[PDB]
K.L.:
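Structure provided below as structure tokens; questions to follow.
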Number of protein chains: 2
Amino acid sequence: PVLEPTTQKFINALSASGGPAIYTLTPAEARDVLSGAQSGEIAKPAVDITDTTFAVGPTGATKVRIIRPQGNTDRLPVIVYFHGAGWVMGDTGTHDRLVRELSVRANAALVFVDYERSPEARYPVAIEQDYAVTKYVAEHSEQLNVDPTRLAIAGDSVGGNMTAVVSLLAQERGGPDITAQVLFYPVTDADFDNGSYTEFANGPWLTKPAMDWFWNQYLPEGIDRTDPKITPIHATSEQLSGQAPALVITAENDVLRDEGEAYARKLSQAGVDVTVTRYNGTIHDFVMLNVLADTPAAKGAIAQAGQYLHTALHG
Amino acid sequence: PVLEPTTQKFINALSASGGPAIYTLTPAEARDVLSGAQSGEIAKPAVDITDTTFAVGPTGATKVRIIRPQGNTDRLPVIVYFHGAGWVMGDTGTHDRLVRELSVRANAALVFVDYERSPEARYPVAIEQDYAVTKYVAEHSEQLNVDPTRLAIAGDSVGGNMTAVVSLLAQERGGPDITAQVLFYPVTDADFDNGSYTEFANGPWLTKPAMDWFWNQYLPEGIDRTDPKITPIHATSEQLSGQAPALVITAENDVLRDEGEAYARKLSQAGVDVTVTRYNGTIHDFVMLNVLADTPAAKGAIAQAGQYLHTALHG
Ligand SMILES: [Mg+2]
Ligand SMILES: [Mg+2]
Ligand SMILES: [Mg+2]
């Protein structure tokens, strides 16, 4: 359907500039393209930043960035954050404004997992790093000065996939305890022939061929994609029941729209308390992309997620 | 699609023992059904309440209820509120919890218009009362101890129709200035054959025959229904341009969904900044009905609207 006007101007400018398709690029090139898009002078909430490594995960180490509202030294609730951008791309820079907004709005520490990206690392390295850091935070709360009984998880796009799977792993492994989960336009299935994949196959912004490529970078060739730790839409009502309350936010004009909304239904059917909202007039990645930060959908969704997290972690 | 479970329980109870269809009742009887449904003791935000009358509007007197956050005597911004329930039903009791939430969350005075109901009063009595009260508030700010430069309007269902029309009338008549407008699942058209009307014709909760009956109570026989003061979807890009930023919230499972989302697009095409959000798993009237008060969609939408108003009126 018809896009919000600032969002439309972005899409048209992108067409006019005529850049190479994402799946013709090397990982390094693809990374640099998104990094360059997100390198502008933009207003950002004030935070204190620490870059470090936790000695956990399948590789023995996971890079993290810890963010706190600037000057706040309280024992805060904590968000463990899993970023999107196709498994191949994304870093502390590309998602900086977004995760600063979440930290300050939630009034929480936020632990950004700088997981090993694809294709150099394939499934399941990142989800195991993600799970390991979440467990680490829960088990090292005095050192991080956080309250482990108020731990939320959150992520955008493939990072929403990671959020869902960490919830699933925490159920299976008996912890850690999760207070709430937030999923921005999550990847939850690999059915490239559903309604929204068919309708929006040629965009805007995200295309079916692009998703085909991202999935092929993430996964080993020939792996069974129906397994719930890959496509959590297939999780059993068992794996889902008992999970933390969820906020799921989708975009109207998005190949991934239908699977995110279907996943929200699956959670709800399993007895999970699910807040699920579709934003009209916007596109995939709309709370991360700096070019859309002043659009009404981006502002609304960030305010909604911030408030949802604040209530979950302080109410 | 499938409803949130508590919401489905409500719908199941109606199908089991809901009785005669609302539109087969007298207006008195219909009024009493909703009044009874909403008169349960339930947790509500603390406010101060004043019931009075402003000597304006087509009848010479419009009943209003003025709500403030409890004990607050500050010169506050103000919301003028137009309630829903089919033009036939609704009063200060049916919408009590909802408008208390908005007052407290926006930290604003709220002026609830107890307009004359249909069919005893037809169009255009209520919209002229509604506009008159809005003008009155702008022009008697010292009497009411409010800031007239921070005046918002808001409404639900046919009250969303009223919000749209008051915006239009204010454009046409040169004021008063409106800072923001909030429309919960508005009535904007009378095309009973569109997509969502066809899909949800027999419910849940709101039905196509009910809407046909409500419209018939509201309107004189043979009136041209395409007048934008009746169906604001027909407003020109000129009646719309210049209007205040809008929040439009729709329900997934609702005959009125498509016309609400279409109206949002019409505003956006006219250059208005429109925040438009569809809540999945819920039904029409979901922010007013007390039985749904603790459901995720109701809590979410009320928090969203409350925060949107707070930002508009205090930012
Ligand atoms: Mg989506
Ligand atoms: Mg609706
Ligand atoms: Mg818009």
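Naming convention: chains lettered A, B, ... in sequence-line order (proteins, then strands); numbering from 1 in each chain.
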K.L.:
Give, as side chain, backbone, both or neither, the part of A:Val274 having an atom under 4.5 angstrom from any heavy atom of chain B.
P.N.:
backbone
K.L.:
Check whether A:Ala297 gets within reach of chain B through its side chain, its backbone, both or neither, counting any heavy atom under 4.5 Å.
P.N.:
neither
K.L.:
Counting only non-hydrogen atoms closer than 4.5 Å, does A:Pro245 touch chain B with its backbone (N, CA, C, O), its side chain (CB onward), both, or neither?
P.N.:
neither
K.L.:
What would the table of donor-acceptor pairs between chain A and chain B look like if you include every N and O pair under 3.5 Å, whether backbone or side chain?
P.N.:
residue: A:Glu252; atom: OE2; partner: B:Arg265; partner atom: NH2; Å: 2.8
residue: A:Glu261; atom: OE1; partner: B:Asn280; partner atom: ND2; Å: 3.0
residue: A:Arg265; atom: NH2; partner: B:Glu252; partner atom: OE2; Å: 2.9
residue: A:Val276; atom: O; partner: B:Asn280; partner atom: N; Å: 3.1
residue: A:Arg278; atom: N; partner: B:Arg278; partner atom: O; Å: 2.8
residue: A:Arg278; atom: O; partner: B:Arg278; partner atom: N; Å: 2.8
residue: A:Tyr279; atom: OH; partner: B:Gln304; partner atom: OE1; Å: 3.2
residue: A:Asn280; atom: N; partner: B:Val276; partner atom: O; Å: 3.1
residue: A:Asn280; atom: ND2; partner: B:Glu261; partner atom: OE1; Å: 3.1
residue: A:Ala303; atom: O; partner: B:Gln307; partner atom: NE2; Å: 3.2
residue: A:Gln304; atom: OE1; partner: B:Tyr279; partner atom: OH; Å: 3.1

